[PDB]
């Protein structure tokens, strides 16, 4: 089931999130200063999701921004480097603390080169999601039923994926390395917005 919102999540539906917050975003493209934030989706892990539609030029969302900046509740992304930069560009908020399931996948799933959400979900959870609506118009006047289902499917399994990946990082001894990556991720995202988006700051160049 999906709860649809315009502009911001209701304070009522924000209270359902008493722990970690699974979160994803939908934009018009991969360049934040060019392609505006259109949708942000949330899920508390109970099999339901909140889908919030963002309007052009909208620069505030009090209930959502409070959840994002809340240091007592962890935020779960799959490749948070992009979403953290977009949310900071749109609302000026620094999402923290974070768990990135793609960084976790790269650190423990060393036997494969597939670290996208789709391949992670079927190997670790035996869950099949579709990638058909990823390249659609997320700024449409009316989000299609398939678009709303795709957006929710991006957050409905992030809690369970994090738990399975965390057990792998424990088994293979890289949980501290992953924790250090999550602490730097907000800085990595802010460095992307400033023009270092295609260079590793820790390299020689």
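Positions refer to the first chain, counted from 1.
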Seminar exercise, completed: Comparing mean C-alpha B factor in the record for 90 to 98 and 123 to 131, the higher one is 123 to 131
Exercise. If you average the CA temperature factors over each stretch, which comes out higher, 144 to 152 or 33 to 41?
Worked result: 144 to 152
Problem set entry | Deposited CA B-factor, highest of 49, 180, 165, 158 | 49
Problem set entry | Record-listed C-alpha B factor of residue 61: chain third | highest
Exercise. Lowest, middle or highest third: where is residue 189 by Cα B-factor in its chain?
Worked result: lowest
Exercise. Comparing residue 23 with the other modelled residues of its chain, is its CA B-factor in the lowest, middle or highest third?
Worked result: lowest
For this session: Taking the chain's C-alpha temperature factors as the reference, tell me which third residue 80 falls into: lowest, middle or highest.
Result: lowest
